[PDB]
> 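Structure provided below as structure tokens; questions to follow.
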Amino acid sequence: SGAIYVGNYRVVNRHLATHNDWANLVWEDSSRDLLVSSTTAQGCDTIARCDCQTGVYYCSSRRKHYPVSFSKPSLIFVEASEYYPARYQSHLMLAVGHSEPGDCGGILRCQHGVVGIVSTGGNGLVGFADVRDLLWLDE
Ligand SMILES: COc1ccccc1CN1C[C@@H](C(N)=O)CCC1=O
Ligand SMILES: [Zn+2]
């Protein structure tokens with residue numbers, strides 16, 4: 001679990017969105033595994049606007065943060081789960097590291113701010129859904 005809070009927005013993994021997230025929907029994209037809902041409270045996370053390929057992510061299945069190198073956002077084939085059939089997920093970044101389904105929502109950060117959230121894993125890889133291209137999150 002986990003979310004990003006910036007301004008009047010809440011960014012979560014689309015497959016973990018609640019009834020309240022869907023009742024206050026701002027934007028969602030199944031191909032990216034992202035959903036953004038509106039909030040009444042003001043959030044103060046900072047979104048990165050950069051092309052970093054190194055950062056640190058939080059792994060709840062180890063209660064640890066890990067430094068990683070990751071690929072630039074791209075279209076990657078993701079095996080089926082109970083939430084999606086096998087498909088290409090867009091705007092995904094991969095790194096070598098540990099990830100279990102419950103790790104989804106853990107933040108990946110660089111020196112400029114939040115880069116994305118855990119969205120995929122297995123076979124010793126971890127995948128992060130990018131948010132750096134969503135410029136409207138700041139306004
Ligand atoms: C071993 O599978 C994983 C490991 C870490 C994280 C996630 C998974 C598998 N997964 C993929 C998600 C997606 N983005 O398509 C949907 C929910 C889910 O359980
Ligand atoms: Zn950066």
Side-chain angles (χ1 to χ4, degrees):
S1 59
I4 308 168
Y5 294 93
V6 52
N8 288 293
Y9 297 123
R10 165 167 139 103
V11 186
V12 291
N13 291 91
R14 194 187 182 272
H15 72 277
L16 303 179
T18 67
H19 301 307
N20 182 76
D21 285 322
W22 279 101
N24 294 282
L25 181 62
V26 171
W27 171 81
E28 54 82 26
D29 186 327
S30 181
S31 79
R32 290 177 73 150
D33 186 46
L34 288 185
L35 183 145
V36 173
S37 61
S38 61
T39 68
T40 45
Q42 189 87 11
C44 26
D45 283 333
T46 291
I47 308 299
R49 302 300 184 193
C50 67
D51 63 357
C52 286
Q53 284 186 256
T54 66
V56 176
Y57 80 104
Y58 181 66
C59 180
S60 71
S61 62
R62 295 282 182 268
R63 283 180 192 128
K64 281 172 164 46
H65 294 266
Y66 292 106
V68 284
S69 297
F70 51 92
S71 58
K72 291 185 180 191
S74 74
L75 244 201
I76 290 176
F77 197 66
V78 175
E79 296 301 312
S81 67
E82 82 144 307
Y83 293 106
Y84 301 109
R87 81 213 204 281
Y88 284 86
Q89 177 159 323
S90 62
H91 300 268
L92 191 61
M93 299 172 288
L94 297 183
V96 178
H98 188 69
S99 184
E100 287 174 40
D103 290 323
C104 289
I107 285 175
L108 168 68
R109 279 190 122 264
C110 65
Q111 51 180 133
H112 308 100
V114 174
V115 173
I117 54 170
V118 171
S119 179
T120 72
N123 281 347
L125 300 173
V126 48
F128 310 98
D130 185 48
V131 300
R132 299 177 286 185
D133 69 315
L134 304 178
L135 313 182
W136 54 266
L137 285 175
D138 285 330
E139 57 215 35

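Every heavy atom of this structure was used, including side-chain atoms; hydrogens, water molecules and symmetry mates were not. Residue indices begin at 1 and follow the sequence shown. Numbering of ligands and ligand atoms starts at 1, following listing order.
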> Hey, looking at atom 15 (O) of ligand 1, which of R87, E82, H98, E100 has the closest heavy atom?
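The option holding the nearest heavy atom is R87.
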> If we only count heavy atoms from C-beta on, is the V36 to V131 side-chain gap below 4.5 Å?
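Not touching, per the 4.5 Å side-chain cut-off.
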> Between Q89 and ligand 1, is there a nitrogen or oxygen pair with a distance under 3.5 Å?
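N/O-N/O distance under 3.5 Å: yes.
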> Which of the atoms of ligand 1 are close to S99, meaning less than 4.0 Å from one of its heavy atoms?
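So the answer, numbered in order with elements, is 4 (C), 5 (C), 6 (C).
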> Please state which part of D33 comes within less than 4.0 Å of ligand 1, counting heavy atoms only: side chain, backbone, both or neither.
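Side chain only; the backbone of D33 stays clear of ligand 1.
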> Roughly how far, to the nearest 0.5 Å, is NE2 of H65 from SG of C59?
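The SG atom of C59 sits 10.0 Å away from the NE2 atom of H65.
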> To check your reading of the model: name the closest protein heavy atom to atom 17 (C) of ligand 1, its residue, and the distance in Å.
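Heavy-atom neighbour on the protein nearest atom 17 (C) of ligand 1: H15 NE2, 3.5 Å.
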> How far is atom 2 (O) of ligand 1 from the closest protein heavy atom, and which atom is that?
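Protein heavy atom at minimum distance: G121 O, 3.6 Å.
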> To check your reading of the model: name the closest protein heavy atom to atom 10 (N) of ligand 1, its residue, and the distance in Å.
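Answer for atom 10 (N) of ligand 1: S81 CB, 4.0 Å.
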> Near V78, which atoms of ligand 1 are under 4.0 Å from a heavy atom of that residue?
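Heavy-atom distances to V78 below 4.0 Å select 15 (O).
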> Roughly how far, to the nearest 0.5 Å, is the CZ atom of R87 from the OG atom of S81?
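It is 7.5 Å, given to the nearest 0.5 Å.
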> Looking at NE2 of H15 and CG of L35, how far apart are the two atoms once the value is rounded to the nearest 0.5 Å?
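The NE2 atom of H15 sits 12.0 Å away from the CG atom of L35.
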> So, for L92 and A129, which heavy atoms are closest and what is the spacing to 0.1 Å?
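Shortest heavy-atom separation between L92 and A129 comes out as CD1-N, 4.1 Å.
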> Should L16 and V78 be counted in the same cluster of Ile, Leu, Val, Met, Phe, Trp and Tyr side chains packed under 4.5 Å apart?
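In one cluster with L16: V78, no.
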> Identify, for atom 19 (O) of ligand 1, the protein heavy atom at the shortest distance, and state residue, atom and that distance.
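Atom 19 (O) of ligand 1 sits closest to the protein heavy atom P101 CB, 3.6 Å.
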> When rounded to the nearest 0.5 angstrom, what is the spacing between CD1 in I117 and OH in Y57?
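Taking CD1 in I117 and OH in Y57, the distance rounds to 14.5 Å.
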> Could you grab the distance from atom CZ of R10 to atom CG of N8, nearest 0.5 Å is fine?
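The CZ atom of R10 sits 14.0 Å away from the CG atom of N8.
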> Under a heavy-atom criterion of less than 4.0 Å, does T120 contact ligand 1?
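Contact check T120 vs ligand 1: positive.
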> What N/O/S atom of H112 is the closest to the Zn ion (ligand 2)?
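Result: ND1.
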> So is there a nitrogen or oxygen of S119 less than 3.5 Å from a nitrogen or oxygen in ligand 1?
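Yes; the residue has a nitrogen or oxygen that sits under 3.5 Å from a nitrogen or oxygen of the ligand.
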